[PDB]
Amino acid sequence: XXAXXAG
Amino acid sequence: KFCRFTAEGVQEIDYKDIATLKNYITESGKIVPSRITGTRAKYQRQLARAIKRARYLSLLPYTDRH
Amino acid sequence: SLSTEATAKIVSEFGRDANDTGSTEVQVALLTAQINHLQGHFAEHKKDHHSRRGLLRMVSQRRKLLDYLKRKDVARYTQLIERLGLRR
Amino acid sequence: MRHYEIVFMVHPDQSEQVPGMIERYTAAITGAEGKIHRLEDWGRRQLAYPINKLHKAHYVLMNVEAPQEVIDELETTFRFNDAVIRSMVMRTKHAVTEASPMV
Amino acid sequence: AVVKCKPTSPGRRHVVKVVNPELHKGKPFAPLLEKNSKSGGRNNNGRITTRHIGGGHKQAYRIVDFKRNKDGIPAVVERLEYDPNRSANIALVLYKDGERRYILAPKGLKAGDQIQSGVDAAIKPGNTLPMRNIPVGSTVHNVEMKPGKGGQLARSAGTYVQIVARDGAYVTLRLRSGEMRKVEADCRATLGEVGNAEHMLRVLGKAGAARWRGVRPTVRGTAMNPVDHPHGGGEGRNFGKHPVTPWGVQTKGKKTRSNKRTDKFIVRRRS
Amino acid sequence: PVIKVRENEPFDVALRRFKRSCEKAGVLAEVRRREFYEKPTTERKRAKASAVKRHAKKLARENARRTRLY
Amino acid sequence: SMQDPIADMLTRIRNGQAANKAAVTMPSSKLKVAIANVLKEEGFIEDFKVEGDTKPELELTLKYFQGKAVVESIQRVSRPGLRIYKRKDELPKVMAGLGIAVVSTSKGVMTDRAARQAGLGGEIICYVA
RNA sequence: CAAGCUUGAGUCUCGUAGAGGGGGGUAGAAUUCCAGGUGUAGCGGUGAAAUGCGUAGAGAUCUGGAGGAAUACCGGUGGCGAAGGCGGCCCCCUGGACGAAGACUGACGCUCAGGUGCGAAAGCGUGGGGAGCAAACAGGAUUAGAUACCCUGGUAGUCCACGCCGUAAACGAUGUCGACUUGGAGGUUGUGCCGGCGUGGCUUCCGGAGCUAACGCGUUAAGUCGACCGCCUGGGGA
RNA sequence: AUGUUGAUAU
Ligand SMILES: [K+]
Ligand SMILES: [Mg+2]
Ligand SMILES: [Mg+2]
Ligand SMILES: [Mg+2]
Ligand SMILES: [Mg+2]
Ligand SMILES: [Mg+2]
Ligand SMILES: [Mg+2]
Ligand SMILES: [Mg+2]
Ligand SMILES: [Mg+2]
Ligand SMILES: [Mg+2]
Ligand SMILES: [Mg+2]
Ligand SMILES: [Mg+2]
Ligand SMILES: [Mg+2]
Ligand SMILES: [Mg+2]
Ligand SMILES: [Mg+2]
Ligand SMILES: [Mg+2]
Ligand SMILES: [Mg+2]
């Protein structure tokens with residue numbers, strides 16, 4: 001998830 | 001090592017011959033490996049059968065603790 | 001297996017000689033003796049499947065020797081199956 | 001007729017029957033066109049472990065040449081005889097007259 | 001021989017017969033036959049005291065020899081017979097003095113076999129000895145409870161008792177129930193199982209087959225009105241009671257053995 | 001294993017002789033073996049693997065004896 | 001079972017050549033000997049000889065030239081599973097005529113050269129090159 | 001088509017090794033349970049715990065008893081079997097393999113679609129049995145969660161009889177039969193000649209030519225050939 | 001003991 005990454 | 005049964009030219013190991021059979025068991029009563037005693041495979045099989053027959057007739061013990 | 005005596009009796013009965021062990025009649029007769037003997041064994045030992053593979057080899061071998069004998073000599077075949085008491 | 005090596009060992013209380021049992025068992029063999037090739041009363045030995053809460057028993061060897069039916073009868077005799085605490089009947093390839101390592 | 005019937009009608013579809021071709025096809029031995037007319041489960045007050053008994057086939061009683069007291073004298077099995085009065089088959093035996101008797105047929109017994117009773121008898125199926133003379137571990141049937149009384153235990157098709165131990169005057173038995181039970185060692189027993197062990201594999205297949213055996217219908221308690229049975233009553237299928245007999249005793253678990261007289265002879269209850 | 005402590009023997013020596021006897025009979029190894037069930041396939045695989053180790057040792061052991069390292 | 005003794009002879013030669021064997025010995029037969037002649041006459045093998053009466057044994061002596069074996073290839077063509085017969089016009093030239101096809105014609109076993117000359121076709125036994 | 005022949009195939013004689021198979025019996029070690037003695041506060045379990053067991057006396061220790069299941073050591077890249085598989089000891093019935101001497105039959109052979117049989121484990125049916133183990137299940141943990149791994153229990157099942165199922169990474173991922181083609185070191189089982197020198201069978205490891213995409217295979221071929229069968233034709237969908 | 005994950009194209 002997170003509504004779509006790596007930071 | 002070396003095999004005593006080939007040397008003597010024996011036919012059967014014989015379950016009755018306890019004096020012989022006692023040389024091929026441990027203090028615990030266990031059958032000794034052929035790799036230790038240097039017995040030929042053919043005689044090792046006969047020897048196992050002999051020991052197992054002797055253990056049944058209670059001429060040898062199964063174990064050190066009965 | 002068939003005993004030395006019982007074997008020899010069949011060799012004499014079916015052979016042209018006492019030493020004629022090879023003949024198709026002797027071979028077929030010997031197989032028939034052992035096939036018939038084993039019927040008692042397999043009646044008792046229905047799940048002796050390993051032994052039965054040996055029985056079915058005898059049955060097969062006998063079929064091959066009879067099919068040989070038949071085309072080689074029809075009369076010798078007809079005599080043999082009569083004596084041994086085979087359908088074919 | 002097949003060759004059998006028969007060991008049986010007896011309750012040490014019934015040691016005095018062992019002569020009688022031997023002659024009875026040999027009669028069963030020899031009264032069927034049988035033979036006794038060897039017969040060795042080993043006597044009372046120390047058991048390697050306790051059988052039947054006993055520390056000794058009276059052993060008897062006898063090699064034999066009997067039919068199967070009497071040896072089967074002999075086994076049932078050993079079975080239903082509270083004297084005979086243990087028995088072993090082995091087939092041998094040939095007759096054995098040579099004396100055992102026990103004697 | 002267990003044989004499934006073919007479904008040529010709905011009443012036959014589920015029938016499984018146990019067909020023994022060894023059994024005598026003829027009539028039974030008349031000197032050992034008696035009338036036993038039926039009860040309907042009614043006692044001498046004329047009242048039903050056991051429910052669900054009535055009708056079924058007329059049956060003559062065969063005098064079976066449970067005592068087996070004719071000791072010493074050998075007997076040969078003439079023929080096995082069907083007995084209507086019991087689950088086991090019976091064997092008409094002929095004693096060498098020319099007396100005939102019926103016995104319970106052990107497993108493996110056939111016409112021509114020799115049997116004998118007594119202290120000195122051989123340990124083979126069919127032979128009857130005092131249990132002191134029988135080896136510990138033996139499988140036996142038709143076991144006496146008191147010496148001379150006659151066999152009472154292990155009489156049904158396929159049943160037997162193991163002699164598990166012998167301690168002085170008493171032998172311990174493992175009964176079919178699983179109960180371990182002391183009995184006097186002077187009590188006789190016959191060697192081997194009772195025959196006809198296929199008996200339990202039969203499937204009656206229809207209502208009428210139970211009626212032939214003289215069993216009348218069981219009506220469920222819950223089918224009745226409250227006046228008739230504790231379970232009676234309800235608008236619809238109702239219950240809401242602990243299950244009980246028609247006389248109000250709990251019928252799922254509650255023990256009913258009460259016999260301090262015989263408690264001593266029970267080593268272990270069946271449990 | 002069953003040691004009689006003989007007359008005029010230190011305990012420490014007799015204890016060492018007991019350890020010997022147990023290691024000889026292979027009691028601890030037997031116990032550890034039987035602690036859990038080994039599937040026959042697992043038993044067979046380890047027997048195979050042990051044999052292959054001892055063999056692949058023996059052949060490659062001789063190779064090390066021949067060749068110089070320096 | 002053994003079901004092509006010719007293929008077996010060719011294979012004994014092929015293998016024997018590869019193994020730098022001096023001679024190769026098979027069980028004999030008329031047809032094997034007939035082929036051995038054609039291989040001798042065309043100079044692929046050196047010599048052969050049959051020996052025995054009840055069980056005759058053919059024995060081909062193999063050739064090597066400048067180290068190398070002389071029989072470069074030797075292929076069964078007609079075989080029990082598939083028989084090849086050719087008419088005179090359709091006889092095979094092995095290695096553009098530098099090698100032979102051994103042909104069983106009505107007038108005996110011979111090369112495809114000899115069969116062309118004799119105006120015969122027949123069963124194509126093998127190629128040799 | 002006819003007649004042969006003995007070299008393929010088979011029969012006979014004597015012997016050899018074998019957890020080959022079927023049936024029956026029996027032995028010892030251990031677990032569990034039951035009963036009793038001694039004894040007293042823990043036991044058990046784990047990474048750490050807890051559930052669990054225990055003063056109603058457990059655990060430990062000793063004696064006696066019951067019952068089931070499996071056979072330590074021997075035991076071995078040992079053996080046997082068509083494959084699946086087969087392991088205490090004894091007997092009964094029984095199959096195959098191998099070797100040595102001949103004698104015998106005379107191509108009787110190889111392969112095999114369809115067919116038939118056998119076929120681990122799990123599973124199913126009927127009836128038994130049930131110690132130990134253990135799907136399911138329950139509880140205790142762990143964790144964000146933990147329908148898991150770990151722990152305490154535990155039912156089917158695992159065992160027996162008979163019947164069914166017909167599948168497995170049922171594997172050497174390598175069809176069967178036959179021939180041919182440098183070596184080395186073993187294992188196992190016969191045998192001949194006199195510890196050595198041969199000669200058969202089966203088998204483990206290495207490796208040469210050759211082969212192979214390579215890895216590797218390598219006289220037990222994946223080399224060189226023949227016979228017959230089975231099977232493959234992009235991945236998925238399947 | 002346990003101990004997850006890393007948007008699309010390039
Ligand atoms: K997520
Ligand atoms: Mg044979
Ligand atoms: Mg009723
Ligand atoms: Mg009812
Ligand atoms: Mg109503
Ligand atoms: Mg009421
Ligand atoms: Mg309602
Ligand atoms: Mg309600
Ligand atoms: Mg097919
Ligand atoms: Mg299963
Ligand atoms: Mg089941
Ligand atoms: Mg069941
Ligand atoms: Mg668990
Ligand atoms: Mg498949
Ligand atoms: Mg495969
Ligand atoms: Mg290699
Ligand atoms: Mg990640």
Side-chain angles (χ1 to χ4, degrees), chain A residues 2-7, chain B residues 24-26 28-35 41-42 44-45 47-49 51-53 55-56 58 61-63 65-66, chain C residues 1 4 7-8 11 15 17 19-27 30-31 38 40-42 44-57 61 64-65 67-69 71-72, chain D residues 4 49 51 68 71-72 75 79 86-91, chain E residues 2 164-165 180 200-201 268, chain F residues 26 30 34 37 47-48 50-52 54-56 59, chain G residues 1-8 10-12 14-16 18-21 24 26-27 54-55 76 79-81:
Chain B
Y24 296 100
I25 67 176
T26 63
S28 308
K30 289 170 70 176
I31 301 165
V32 181
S34 59
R35 54 170 285 179
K42 175 179 158 78
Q44 187 66 26
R45 293 197 298 287
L47 179 60
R49 287 181 208 104
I51 287 164
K52 289 161 185 177
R53 284 171 177 200
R55 284 161 167 180
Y56 169 70
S58 196
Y62 280 91
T63 176
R65 297 178 294 105
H66 284 285
Chain C
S1 304
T4 308
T7 307
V11 172
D17 198 288
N19 293 10
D20 188 14
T21 59
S23 54
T24 305
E25 286 81 347
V26 163
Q27 287 196 65
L30 284 172
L31 292 176
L38 288 171
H41 172 82
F42 288 105
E44 183 171 357
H45 300 290
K46 296 191 182 69
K47 318 309 183 293
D48 185 4
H49 291 308
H50 286 58
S51 296
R52 190 178 282 112
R53 195 169 102 105
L55 174 65
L56 296 165
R57 183 173 143 184
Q61 186 168 308
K64 281 167 174 174
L65 289 169
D67 291 350
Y68 173 67
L69 187 63
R71 69 185 166 68
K72 161 143 280 187
Chain D
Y4 297 96
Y49 54 80
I51 301 163
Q68 294 170 201
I71 297 287
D72 296 6
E75 281 173 346
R79 180 173 287 289
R86 190 160 293 178
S87 64
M88 197 183 224
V89 181
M90 282 152 290
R91 280 275 300 297
Chain E
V2 176
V164 305
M180 218 77 72
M200 61 183 191
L201 297 173
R268 193 175 65 184
Chain F
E30 198 68 18
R34 295 166 166 284
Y37 182 68
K48 216 288 185 75
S50 58
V52 166
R54 286 175 289 177
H55 199 77
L59 280 304
Chain G
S1 67
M2 170 56 71
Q3 302 179 15
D4 192 0
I6 301 310
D8 182 57
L10 307 185
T11 289
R12 283 166 183 257
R14 194 182 314 101
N15 295 3
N20 292 306
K21 304 293 279 279
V24 290
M26 49 244 61
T54 314
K55 281 82 61 55
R76 194 70 164 113
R79 53 184 180 72

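Reckoned from all heavy atoms, side chains included, excluding hydrogens, waters and symmetry mates. Chain naming here is simple, since letters A, B, ... match the order of the sequence lines and numbering starts at 1 in each.
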What is the distance from atom CD1 of B:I51 to atom OH of B:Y24, rounded to the nearest 0.5 Å?
9.5 Å

Hey, do H:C225 and H:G153 pair up, Watson-Crick or G-U wobble, with both distances short of 3.5 Å?
no

Does a side-chain N or O from B:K42 land closer than 4.0 Å to OP1 or OP2 of H:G78, or not?
no

OP1 or OP2 of H:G187 under 4.0 Å from side-chain N/O of B:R35:
no

Distance below 4.0 Å between C:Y68 side-chain N/O and H:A107 OP1 or OP2
yes

Give a yes or no on whether H:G52 and H:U147 pair, Watson-Crick or G-U wobble, both distances under 3.5 Å.
no

Between H:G42 and H:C53, is there a Watson-Crick or G-U wobble pair with both distances below 3.5 Å?
yes

For H:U16, pucker side given by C1'-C2'-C3'-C4' sign
north

Under a 3.5 Å limit on both key distances, is there a Watson-Crick or G-U wobble pair between H:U181 and H:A222?
no

Just so I know, are the side chains of C:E25 and C:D20 near enough to count as touching, which here means a heavy-atom distance under 4.5 Å?
no

Base, sugar-phosphate alone, or nothing: which one does G:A18 contact when heavy atoms must sit under 4.0 Å apart?
nothing

Name the nucleic acid region contacted by D:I71, choosing base, sugar-phosphate or nothing; use a 4.0 angstrom heavy-atom cut-off, strictly under.
nothing

Report yes or no: is H:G117 base-paired to H:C197 (Watson-Crick or G-U wobble, both distances under 3.5 Å)?
no

When you measure from the side-chain N and O atoms of F:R34 to the phosphate of H:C133, is any distance below 4.0 Å, counting only OP1 and OP2?
no

Spacing of the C1' atoms in H:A30 and H:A72 (rounded, Å):
10 Å

By the Watson-Crick or G-U definition, both distances under 3.5 Å, H:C98 is matched with H:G15

Whole angstrom value for the distance that separates P of H:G23 from CG of C:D48
8 Å

Test if H:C5 is paired with H:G115, treating Watson-Crick and G-U wobble as valid and requiring both distances under 3.5 Å.
no

Furanose pucker, H:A185, classified by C1'-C2'-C3'-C4'
north

How far does the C1' atom of H:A66 sit from the matching atom of H:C165, given to the nearest Å?
38 Å

For H:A72, which nucleotide is its Watson-Crick or G-U wobble mate, given both distances must be under 3.5 Å?
none

Both distances under 3.5 Å, Watson-Crick or G-U wobble: report the partner of H:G106, or none.
none

H:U32 and H:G129: how far apart are their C1' atoms, nearest whole angstrom?
16 Å

With a 4.0 Å limit, can you tell me whether D:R91 has a side-chain N or O closer than that to the phosphate oxygens OP1/OP2 of H:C92?
yes

Using Watson-Crick geometry (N1-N3 plus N6-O4 or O6-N4) or G-U wobble (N1-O2, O6-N3), each under 3.5 Å, I:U2 is paired with none

Quote, to the nearest angstrom, the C1' distance that separates H:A70 from H:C160.
15 Å

Would H:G95 and H:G96 be classed as stacked, given the thresholds of under 5.5 Å between six-membered ring centres and under 30° between planes?
yes

Just how far, in rounded Å, is P of H:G163 from NZ of C:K46?
9 Å

Counting only Watson-Crick and G-U wobble pairs, both distances under 3.5 Å, are H:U6 and H:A209 paired?
no

Sugar pucker at H:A69, from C1'-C2'-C3'-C4' (positive north, negative south), flagged north

For H:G22 and C:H41 - does any side-chain N or O of the residue sit under 4.0 Å from the phosphate oxygens OP1/OP2?
no

Sugar-phosphate only, base, or nothing, as touched by D:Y49 at under 4.0 Å among non-hydrogen atoms:
sugar-phosphate

Taking a pair as Watson-Crick or G-U wobble with both distances under 3.5 Å, which nucleotide is matched to H:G87?
none

Can you check the B:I31 CD1 to H:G78 P distance for me, whole Å?
20 Å

Tell me whether H:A213 and H:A214 stack, counting them as stacked only when the base ring centres are under 5.5 Å apart and the planes differ by under 30°.
yes

For residues B:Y56 and D:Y49, report the shortest heavy-atom separation together with the two atoms involved.
O-OH, 3.3 Å

Roughly how many Å apart are H:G190 and H:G175, using the P atom of each and rounding to a whole number?
33 Å

On the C1'-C2'-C3'-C4' criterion (positive north, negative south), the furanose of H:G166 is south

Straight-line distance of C:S51 OG to C:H45 NE2, nearest 0.5 Å:
9.0 Å

When you compare the six-membered rings of H:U188 and H:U189, are they both close enough (centres under 5.5 Å) and flat enough to each other (planes under 30°) to count as stacked?
yes

Can you work out whether B:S34 or C:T7 has the more 5'-proximal nearest nucleotide on RNA chain H?
C:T7

Nearest 0.5 angstrom please: G:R76 CZ to G:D8 CG, how far?
11.0 Å

Identify the nucleotide, in any strand shown, that forms a Watson-Crick or G-U wobble pair with H:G64, with both distances under 3.5 Å; if there is none, say none.
H:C34

Which is true for E:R268 with a 4.0 Å heavy-atom rule: it touches a base, it touches only sugar-phosphate, or it touches nothing?
nothing

Taking the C1' atom in each of H:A82 and H:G183, what is the distance between them to the nearest angstrom?
33 Å

Using a cut-off of strictly less than 4.0 Å, decide whether B:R55 has a side-chain nitrogen or oxygen near OP1 or OP2 of H:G88.
no

Rounded to the Å, how far apart are B:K52 NZ and H:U71 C1'?
10 Å

Under 4.0 Å, heavy atoms only, any strand: does D:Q68 hit a base, just the sugar-phosphate, or nothing?
sugar-phosphate

Rounded to whole angstrom, note down the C1' distance from H:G117 over to H:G128.
30 Å

side-chain contact (heavy atoms from CB on, under 4.5 Å) test vs F:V52 passes for just one of F:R54, F:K48, F:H55, namely F:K48

Identity of whatever pairs with H:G123 - Watson-Crick or G-U, under 3.5 angstrom
H:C164

Is the phosphate of H:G95, meaning OP1 or OP2, less than 4.0 Å from a side-chain N or O of C:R53?
no

Nearest heavy atom decides the nucleotide; on that basis, is D:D72 or F:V52 closer to the 5' end of RNA chain H?
F:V52

Are OP1 or OP2 of H:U7 and a side-chain N or O of G:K55 less than 4.0 angstrom apart?
yes

From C1'-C2'-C3'-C4' alone, north or south for the sugar of H:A146?
south

Tell me whether H:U158 is paired to H:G132 (Watson-Crick: purine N1 to pyrimidine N3 plus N6-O4 or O6-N4; or G-U wobble; cut-off 3.5 Å).
yes

Could you work out the separation of H:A120 and H:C164 based on their P atoms and round it to a whole Å?
14 Å

Walk me through whether C:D48 and C:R52 qualify under salt bridge (charged side-chain N to carboxylate O under 4.0 Å, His left out).
CA-CA 6 Å; C:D48 185 4; C:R52 190 178 282 112; over 6 Å; no

OP1 or OP2 of H:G95 less than 4.0 angstrom from a side-chain nitrogen or oxygen of C:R52, does that happen here?
no

Complementary nucleotide for H:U174 - Watson-Crick or wobble, under 3.5 Å
none

Would you say the bases of H:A141 and H:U142 stack, taking the criterion to be ring centres below 5.5 Å apart together with planes below 30 degrees?
yes

Measure the distance from NZ on C:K64 to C1' on H:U105 and round it to the nearest whole Å.
17 Å

Counting only side-chain nitrogens and oxygens, does F:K48 get under 4.0 Å of the OP1 or OP2 atom of H:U204?
no

At under 4.0 Å, does any side-chain N or O of G:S1 touch on OP1 or OP2 of H:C228?
no

